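In short: position in the sequence shown from 1, add 27, done, that's the entry's author numbering. Report on the following structure.
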Amino acid sequence: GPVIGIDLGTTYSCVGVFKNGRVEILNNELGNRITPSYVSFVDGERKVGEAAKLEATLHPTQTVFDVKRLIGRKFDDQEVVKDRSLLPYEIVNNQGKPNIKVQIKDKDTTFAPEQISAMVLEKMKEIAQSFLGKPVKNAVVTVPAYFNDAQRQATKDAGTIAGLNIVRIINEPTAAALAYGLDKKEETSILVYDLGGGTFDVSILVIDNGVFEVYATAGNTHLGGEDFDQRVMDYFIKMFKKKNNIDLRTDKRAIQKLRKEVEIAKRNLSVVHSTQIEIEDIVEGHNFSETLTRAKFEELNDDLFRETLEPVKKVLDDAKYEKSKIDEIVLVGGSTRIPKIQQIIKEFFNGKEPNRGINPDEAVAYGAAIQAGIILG
Ligand SMILES: C/C(=C\CNc1ncnc2c1ncn2[C@@H]1O[C@H](CO)[C@@H](O)[C@H]1O)CO
Numbered sequence: 028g029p030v031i032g033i034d035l036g037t038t039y040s041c042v043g044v045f046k047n048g049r050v051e052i053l054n055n056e057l058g059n060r061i062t063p064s065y066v067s068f069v070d071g072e073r074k075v076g077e078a079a080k081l082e083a084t085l086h087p088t089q090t091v092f093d094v095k096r097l098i099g100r101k102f103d104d105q106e107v108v109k110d111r112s113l114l115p116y117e118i119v120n121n122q123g124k125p126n127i128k129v130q131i132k133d134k135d136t137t138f139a140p141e142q143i144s145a146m147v148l149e150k151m152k153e154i155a156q157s158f159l160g161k162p163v164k165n166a167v168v169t170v171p172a173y174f175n176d177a178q179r180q181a182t183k184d185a186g187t188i189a190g191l192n193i194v195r196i197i198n199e200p201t202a203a204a205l206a207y208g209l210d211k212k213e214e215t216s217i218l219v220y221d222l223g224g225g226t227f228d229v230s231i232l233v234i235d236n237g238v239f240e241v242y243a244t245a246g247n248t249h250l251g252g253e254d255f256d257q258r259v260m261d262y263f264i265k266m267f268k269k270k271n272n273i274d275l276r277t278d279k280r281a282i283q284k285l286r287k288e289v290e291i292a293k294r295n296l297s298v299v300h301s302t303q304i305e306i307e308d309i310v311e312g313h314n315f316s317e318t319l320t321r322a323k324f325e326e327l328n329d330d331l332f333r334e335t336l337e338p339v340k341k342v343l344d345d346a347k348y349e350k351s352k353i354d355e356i357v358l359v360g361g362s363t364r365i366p367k368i369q370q371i372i373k374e375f376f377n378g379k380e381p382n383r384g385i386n387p388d389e390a391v392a393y394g395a396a397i398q399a400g401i402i403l404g
C-alpha cells in the first residue's frame, strides 16, 4: 500500500505523503502542518495535538509531552533524571525504564513512552488516511542522528502500536538533506543546524556518491524557540509588576495568554523591527499592551543565540574538521528563521552564507516522504 513520511519531533510532529510525483505536507483538523506532540488524559477523554496542549495550563499532571526525551532510555540515565525534575507529569521506574503515570477516570494508568508516541503516530496516520482515502500500514519515521539502537527500536515499537510498519528509520539530518535535494554525486560535507521549539542539534553529514553518513553530532537538549519566548515572558512579567503591582505568574491563565502572544510577536520580529503584544483583560480589569523591538528581542536572548555555536565547535572538533571543510550549511527548525541566528552562523563560518529553506519545520517530514518514495521506486 502507501508509505507515508513522519517527523516525530520532540515538541511537534509533521506528516507528508508522496503521490503523483509530489510531496504534500498534510494539515491536521485545525488547518496546521505541524501538530504539537501532546497527549492529555483529563475527565475520561484522551486528546492528541493542540487540543491536548491547551489542557496543560489547568491540568499539568495529566498533559504528557516531550516523551521523545524518555523513549528507549533508562530511568537512572542522567538526562532522564534532569527531565523528571523538569516535567510535570509523573514518571515512574518500570524495571529500570521511565514510564508515564496519569489518571484516566481517577484510575492510575502507566504508559511506556512508545505507547504515548504511538498516539501521536496514530493521529498522523489518520491525517494521511483521510487524505489518501485508504488505509496506511507503512511509514518512514525520522529520529535524531544520536539515537542508539534502543531509542530506534522503541520508535519502531511506537509505529507497531499505532498499526504502522516502520519500513525505514532515517536520521533527521539525512531527511533534511533529501528535502533540500542536496546533490548526491561526489563528496559534500554539510553542517545541519537544527534549532526547534525545545532542542538544538548540530550534525556533520557527509554525502558521498549517494551514501549519507553523520560523522559527528552535538547539541543542547534544553535550548529552543520556547526558551527565547520564556526570556521575553520573564522581561514583560517584571515590567507588568513594576507598572501595575500585578505578578502575572499568580494567574496560570494569564501566563498561557501571554505565552501565545509572545510567540506571535517573536515571529513578527523575524520580519519587522517593532510589534505590539496586546491581551484585553489579561486579568480582569487590566489590559496588557506592550511594544517589543527586534533589538530588545535579541538582547534578551543574545547569550542563548551564541550558546548554539558551542555544539558547532564540538562537532567540528569531534570530526577533526576545520570550518573551511564544511561545503554547505543547512538550517532546520522554525527558530532558524530568526535573523540574528543566521547572522551568527554566517559570521562563525568566517562569512559563508548558510543554505536555508522556506518551511524549515516541514523539511524533515518532507524528506521522510521523499525516502518513502525512494523505497517504493
Ligand atoms: C515569517 C518569517 C519568520 C517568522 N517565523 C519565526 N520566527 C521565529 N521563530 C519561529 C518562526 N517560525 C517558527 N518559529 C519557532 O520555531 C519553533 C519550532 O516551531 C517554535 O519555537 C516557533 O516559535 C520569515 O519567513
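Think of the CB as a built atom: it goes at the ideal place given N, C-alpha and C, for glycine as much as any other residue.
Item                                                                                                                                                              : Value
When we look at the beta-carbon of residue 87 and count the other beta-carbons within 10 Å, is it buried (16 or more) or exposed?                                 : exposed
Can you tell me whether residue 147 sits near ligand 1, meaning its C-beta is under 7 Å from at least one heavy atom of the ligand?                               : no
Buried or exposed: which applies to residue 202, given that a residue is buried once 16 or more other Cβ atoms fall within 10 Å of its Cβ?                        : buried
Along the chain, where does the beta strand (DSSP E) containing residue 125 start, and where does it finish?                                                      : 124 to 131
Regarding residue 253 and ligand 1, is the C-beta to nearest heavy atom distance less than 7 Å?                                                                   : yes
Here's the rule: buried if 16 or more other CB atoms are within 10 angstroms of the residue's CB, otherwise exposed. What is residue 351?                         : exposed
Can you list, in chain order, the residues of its chain whose CB lies under 7 Å from that of residue 153, leaving out five sequence neighbours each side?         : none
Whole beta strand (DSSP E) runs in the region 53 to 122 with 3 or more residues, listed along the chain?                                                          : 65 to 69, 72 to 75, 90 to 92, 117 to 121
So the candidates are 114, 30, 387; which of them puts its Cα closest to the Cα of residue 249?                                                                   : 114
CB-CB under 8 Å to residue 156, same chain, minus the five flanking residues each way: which ones, in chain order?                                                : 162, 163
Go to residue 183, then tell me how far its alpha helix (DSSP H) extends in each direction, as first and last residue.                                            : 176 to 188
With a CB to CB cut of under 7 Å and the five nearest residues on each side skipped, what residues in its chain are close to residue 373?                         : 379, 380, 381
Once DSSP output is grouped into helix, strand and coil, what is the label at residue 383?                                                                        : coil
Nearest to residue 333 by alpha carbon, out of 42, 347, 365?                                                                                                      : 365
State the DSSP-derived secondary structure class of residue 274, mapped to helix, strand or coil.                                                                 : coil
Suppose only complete runs of 4+ residues qualify. What are the alpha helix (DSSP H) ranges in the region 261 to 327, listed by chain order?                      : 279 to 295
Taking buried to mean at least 16 other C-beta atoms within 10 Å of its own C-beta, is residue 321 buried or exposed?                                             : buried
Can the beta-carbon of residue 318 be found closer than 8 Å to that of residue 301?                                                                               : yes
Considering just the uninterrupted stretch of the alpha helix (DSSP H) at residue 157, what are its terminal residues?                                            : 140 to 159
Just confirm the distance between the C-beta atoms of residue 159 and residue 42, as a whole number of angstroms; I'd bet it's less than 8 Å.                     : Actually they are not in contact, since the Cβ atoms of residue 159 and residue 42 sit about 11 Å apart, beyond 8 Å.
Check the C-beta distance from residue 230 over to residue 241 and give it rounded, since I have them as a contact under 8 Å.                                     : 5 Å
Measure the beta-carbon distance from residue 183 to residue 193 and round it to whole angstroms, keeping in mind my assumption that it falls under 8 Å.          : 5 Å
Could you tell me how far apart the beta carbons of residue 227 and residue 338 are, in whole angstroms, since I believe they sit closer than 8 Å?                : 7 Å
Closer than 6 Å by C-beta to residue 336: which residues in its own chain qualify, once you throw out the five before and the five after it? Chain order, please. : 375
Suppose you measure from the CA of residue 398 to the CA of residue 205; what does that come to, to the nearest Å?                                                : 8 Å
Ligand 1 and residue 293: does any heavy atom of the ligand fall closer than 7 Å to the residue's C-beta?                                                         : yes
If you draw a straight line from the C-alpha of residue 74 to the C-alpha of residue 34, how long is it?                                                          : 20 Å
On the DSSP bridge list, what partners appear for residue 243?                                                                                                    : 231
Out of 116, 146, 246, 329, state which residue places its alpha-carbon closest to the alpha-carbon of residue 341.                                                : 246
In the DSSP assignment, what residue or residues form a beta bridge with residue 213?                                                                             : Answer is none; residue 213 lacks a bridge partner.
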